[PDB]
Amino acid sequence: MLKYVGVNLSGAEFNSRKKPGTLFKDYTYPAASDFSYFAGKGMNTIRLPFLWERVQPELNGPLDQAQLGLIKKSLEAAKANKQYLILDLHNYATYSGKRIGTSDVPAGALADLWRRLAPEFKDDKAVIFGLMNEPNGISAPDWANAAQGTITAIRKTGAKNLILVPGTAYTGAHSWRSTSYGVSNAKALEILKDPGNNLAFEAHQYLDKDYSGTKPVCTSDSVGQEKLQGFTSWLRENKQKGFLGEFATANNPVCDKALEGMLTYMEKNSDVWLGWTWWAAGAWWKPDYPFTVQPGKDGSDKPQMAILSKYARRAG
């Protein structure tokens, strides 16, 4: 009874340094056959990272027609495979290195981006709007405010699509109630109003000591379940819905158990969780990269795909 299950198809957000960058050299979009492979593994949802700098080359300026065309090409692959596509603005609350909220990048500039992007997808039932990947270094109240302005902007254009709203502090599920970074995401995001009434809160969760995914280690076989509880609790209290936009475990016995506990957790908490997308797949991950579920050239599954498919087919 979970609605959305799938993967991040990573590639378009690579080498963020190179603006605008060259297609096939600095970044890539996924092949139609990738969409097909994951749909065959029972996954109905693709999160698609792309760069703000690539889609809108000038702040408040018109959209790049070529980059928009590549996004639309990915959508037709998703639609054919009966999949949902999350448009993920993979930008860490920055545009060309400068934070949202500064006089270089005002809050209304993010609102302008989505004001332009939304009506391009307003009919498509397969398109979900992911406002910003992992905001950080901006206070929770200030970020919440920028999220609100963006939401208002999207709904003004007539778009009724699901909006995925992140918090600050890298939108970690573990730290949702914490006051270590100031006013919590929990307290700051209470104020949010959506006139379209189609909102969910995007959280990310990794299982190493510092919850970043820089180490291929899970700290215990149950750490996933424990770190989601504050957020799940919050969603239930507030009659809100949640999404696990990014999460990953390495290929080892302890990590495999932790992944199973986590996916079982979201299944029994499906009253508030709308679903999850794994980090990651895409043709540009190295062989030794611990989190890849991109199939080999021969077409064989990566080790974690076995567990992922089991739970993917349990949903829909």
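Note that residue numbering begins at 1 and tracks the sequence as displayed.
ask   = Got a sec? Mean C-alpha B-factor, which is higher, 138 to 146 or 102 to 110?
value = Taking the mean C-alpha B-factor of 102 to 110 and of 138 to 146, the larger value falls to 102 to 110.
task = Would you determine, from the values in the PDB entry, which of 116 to 124 and 160 to 168 has the greater average C-alpha temperature factor?
result = The entry gives the higher C-alpha B-factor average to 116 to 124.
query = Per the PDB entry, which option out of 50, 273, 247, 284 has the greatest Cα B factor?
reply = Answer, based on the entry's C-alpha B-factors: 284.
Third of the chain's Cα B-factor distribution that residue 78 belongs to, per the entry = Its C-alpha B-factor, which the entry lists for residue 78, ranks in the middle third among residues of this chain.
CA B-factor placement of residue 72, once the chain's modelled residues are sorted into thirds = Answer is middle: the recorded C-alpha B-factor places it there.
query = So where's residue 198 on the chain's Cα temperature factor ranking, which third?
reply = It belongs to the middle third of the chain when residues are ordered by C-alpha B-factor.
request  = Taking the chain's C-alpha temperature factors as the reference, tell me which third residue 41 falls into: lowest, middle or highest.
outcome  = Middle third.
task = Could you look up the Cα B-factor of residue 177 in the entry and say which third of the chain it sits in: lowest, middle or highest?
result = For residue 177, the deposited C-alpha B-factor lands in the lowest third.
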